[PDB]
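Here is the structure we will look at, set down as structure tokens.
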Amino acid sequence: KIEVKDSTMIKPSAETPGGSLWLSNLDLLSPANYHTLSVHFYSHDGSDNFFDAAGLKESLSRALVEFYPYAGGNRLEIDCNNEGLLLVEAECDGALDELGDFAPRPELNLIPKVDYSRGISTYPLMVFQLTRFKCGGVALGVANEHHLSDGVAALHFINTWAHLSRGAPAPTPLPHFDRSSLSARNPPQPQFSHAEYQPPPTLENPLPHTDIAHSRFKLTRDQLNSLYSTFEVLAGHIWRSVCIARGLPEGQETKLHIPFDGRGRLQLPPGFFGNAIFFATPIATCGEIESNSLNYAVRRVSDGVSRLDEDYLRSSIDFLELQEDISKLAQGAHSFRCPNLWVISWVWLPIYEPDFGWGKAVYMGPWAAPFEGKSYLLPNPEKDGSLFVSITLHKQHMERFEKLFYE
Ligand SMILES: O=C(/C=C/c1ccc(O)cc1)O[C@H](Cc1ccc(O)cc1)C(=O)O
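So for the sequence shown, this note's numbering puts the first residue at 273; every next one is plus one.
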């Protein structure tokens, strides 16, 4: 019940010199065809001209005068050609209050499908969706190429794109586009054995069912430790709950994958624009997860995160430097599946700070993903001090997963 209205490609207003620049080694840790995408929801207010299209286009140009690589040898890079940034405005016969709590069920008309079979550099790298409803509310669906930038950089871009629409100046440190700070050493000397690069522990006794279910949970009972970060304890609990709810045989290896922003532990320049996301991979058998205390799992995840010191991160970069190709090491879409698990945390991220001049977001959230195996941590826009756990799991296991509440 959604249909396209307009499809535009936006140039910057200024020149923005478009010399192609170098992608990092961590940027090459994704498939050549992948968009990470989420949606921003805005409810209508008493103000006239709620998200006018022309104002947003002439604000998008004033935003692209800084972030020009969004419009644009044997190694991946797409030149800043300044030819266009896809912006498709749609129309829906819907009421935003009928959504209720925004379960991201796969009715993907809030975003478009892209085709890079015609060319990997033919179409641009990011797409925005401005879909307007019957109630006057609007959904803004963002879809970004992971090679170009991570969630932090695209979030900073959307915050600049917010401040330059509300008549305010640029948000913080202006974006830095030279990724030479994430370059390998000279010479490259790895010093550790990296399990973030070894293949995931698949090949278990096969699964009878394949259909999955998504569930988004509220947990207002964070304020208890039954003897570490909040994230480490919570991730240990989620991981133990999943490994118990799956009923896998003891001796089956499970592997938790955790994104980790390497801007702080390393010395990255401010406004660094690109992927600075490493991986924290603690491995353990499902038995010793289910047959030991929560202390075991939380210590395992804490050792998985605390290993990522400066030496280990630079050694990982040098290990990537030693490789033939790096995109052959990028696991995904099959690493996601059981017995493996992802857990992220958007609680610390400023995902609600984008205010275009019409108010804050009622709800932003992920949409349309390779679903199973990925647990997310979100903040509640009700700001009751509560926290959301958005997980996807096979149906046989989602009902078992209710022991997350059992401390
Ligand atoms: O969760 C985020 C969200 C990104 C985002 C934030 C705000 C926006 O407006 C738009 C996108 O990023 C991760 C990326 C990722 C995945 C696996 C890894 O091993 C390393 C990194 C993801 O989407 O899964």
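In this text, a Cβ means the ideal position worked out from N, Cα and C, and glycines have one as well.
(message) Measuring only from the beta carbon, is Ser292 closer than 7 Å to any heavy atom that is part of ligand 1?
(response) As a first step, residue 292 must be located in the sequence shown, where it is residue number 20. No; taking the cut-off as 7 Å, the Cβ of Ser292 has no heavy atom of ligand 1 nearer than that.
(request) Grab the span of the alpha helix (DSSP H) containing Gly559 for me, first residue to last. (result) As a first step, residue 559 is located in the sequence shown; it is residue number 287 there, counting from the start. From DSSP, the alpha helix (DSSP H) with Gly559 extends over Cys558 to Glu562.
(message) Quick check: is any heavy atom of ligand 1 less than 7 Å from the C-beta of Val414?
(response) In the sequence shown, the residue the question calls residue 414 occupies position 142. True, at least one ligand heavy atom lies under 7 Å from that Cβ.
(request) Determine, using beta-carbon pairs with one atom in the stretch 410–419 and one in the stretch 297–316, whether at least three such pairs fall under 8 Å. (result) Yes: at least three Cβ pairs fall under 8 Å.
(message) With a threshold of 6 Å on Cβ separation, who are the neighbours of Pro642 within its own chain once the five nearest residues in sequence on each side are excluded?
(response) Mapped onto the sequence shown, residue 642 falls at position 370. Same-chain partners within the cutoff: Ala605 and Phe608.
(message) Beta-carbon within less than 8 Å of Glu355's beta-carbon, same chain only, minus the 5 sequence neighbours each way: which residues are those?
(response) For the purposes of this step, residue 355 is taken as residue 83 along the sequence shown, with counting starting at 1. Closer than 8 Å at the Cβ level, and outside the excluded window around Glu355, lie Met281, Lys283, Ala343, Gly344 and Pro396.
(request) Could you spell out where the alpha helix (DSSP H) holding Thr502 opens and where it closes? (result) In the sequence shown, counting from the first residue as 1, residue 502 sits at position 230. For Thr502, the uninterrupted alpha helix (DSSP H) segment begins and ends at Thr502 to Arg518.
(request) Using three-state DSSP, classify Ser279 as helix, strand or coil. (result) Stepping through the sequence shown from its first residue, residue 279 is reached at position 7. Residue state, collapsed to three classes: strand.
(request) Pull up the distance between the alpha-carbon of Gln524 and that of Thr482, whole angstroms please. (result) Along the sequence shown, one-based indexing puts residue 524 at 252. Along the sequence shown, one-based indexing puts residue 482 at 210. One C-alpha to the other measures close to 19 Å.
(request) Report yes or no: do three or more beta-carbon pairs, one from the stretch 455–465 and one from the stretch 577–595, lie closer than 8 Å? (result) Three or more beta-carbon pairs drawn from the stretch 455–465 and the stretch 577–595 are found closer than 8 Å, and the two stretches are therefore classed as touching.
(request) Run the proximity test for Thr308: is its beta-carbon closer than 7 Å to any non-hydrogen atom belonging to ligand 2? (result) With respect to ligand 2, the structure shown offers nothing to examine, as its ligands consist of ligand 1.
(request) Name the one or two DSSP bridge partners that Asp533 has. (result) Translated into positions along the sequence shown, residue 533 becomes position 261. Answer is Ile549, bridged to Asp533.
(message) Using DSSP's beta-bridge definition, name the partner residues of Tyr314.
(response) Within the sequence shown, numbered from 1, the residue matching residue 314 stands at position 42. Answer is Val410.
(message) Our contact map puts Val276 next to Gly637 with C-beta atoms below 8 Å; I'd like the distance itself, whole angstroms only.
(response) The residue you call residue 276 lines up with position 4 of the sequence shown. The residue you call residue 637 lines up with position 365 of the sequence shown. Rounded to the nearest angstrom, the Cβ distance from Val276 to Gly637 is 22 Å, too far for a contact under 8 Å.
(request) Could you give the DSSP three-state label for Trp433: helix, strand or coil? (result) Against the sequence shown, residue 433 aligns to sequence position 161. Reduced to three states, the DSSP call for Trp433 is helix.
(request) Please check the pair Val337 and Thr288, which I expect to be a contact at CB under 8 Å, by giving their CB distance rounded to whole angstroms. (result) As a first step, residue 337 must be located in the sequence shown, where it is residue number 65. As a first step, residue 288 must be located in the sequence shown, where it is residue number 16. Correct: roughly 6 Å between the Cβ atoms.
(message) Judging by CA-CA distance, which residue of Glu625, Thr492 and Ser662 is the nearest neighbour of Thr432?
(response) Reading the sequence shown from its first residue, position 160 is the one you call residue 432. The shortest Cα separation from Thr432 among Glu625, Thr492 and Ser662 belongs to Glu625.
(request) Decide if the stretch 548–557 is in contact with the stretch 570–581; the criterion is three or more beta carbon pairs, one per stretch, under 8 Å apart. (result) They touch, by the three-pair rule.
(message) Run through the DSSP bridge pairs and tell me what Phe400 is partnered with.
(response) For the purposes of this step, residue 400 is taken as residue 128 along the sequence shown, with counting starting at 1. Per DSSP, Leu359 and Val414.
(message) I need the DSSP call for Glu593, collapsed to helix, strand or coil.
(response) To locate residue 593, count along the sequence shown from 1; it is residue 321. The answer is helix: DSSP assigns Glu593 an H, G or I state.
(message) As a quick exercise: from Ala367, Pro378, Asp351 and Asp320, pick the residue whose alpha carbon is nearest that of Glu644.
(response) The residue labelled residue 644 in the question sits at position 372 within the sequence shown. The shortest Cα separation from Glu644 among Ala367, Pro378, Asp351 and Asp320 belongs to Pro378.
(request) Mind checking which residues open and close the beta strand (DSSP E) that includes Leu566? (result) Counted from its first residue, the sequence shown places residue 566 at position 294. The continuous stretches of beta strand (DSSP E) do not include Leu566, which lies in the alpha helix (DSSP H) extending over residues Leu566 to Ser578.
(request) Alpha carbon to alpha carbon, how far is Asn567 from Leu528? Give it in angstroms, no decimals. (result) On the sequence shown, position 256 is the one that residue 528 refers to. On the sequence shown, position 295 is the one that residue 567 refers to. Taken atom to atom, the span from the alpha-carbon of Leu528 to that of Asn567 is near 16 Å.
(message) Could you pull the DSSP bridge partners for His486 from this structure?
(response) Here residue 486 is taken as the residue at index 214 of the sequence shown, counted from 1. DSSP, once it has assigned bridges, lists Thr664 as partnering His486.
(request) Go ahead and label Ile392 buried or exposed: buried means 16 or more other beta carbons lie within 10 angstroms of its beta carbon, across all protein chains shown. (result) Here residue 392 corresponds to residue number 120 of the sequence shown, with the count starting at 1. Result: exposed.
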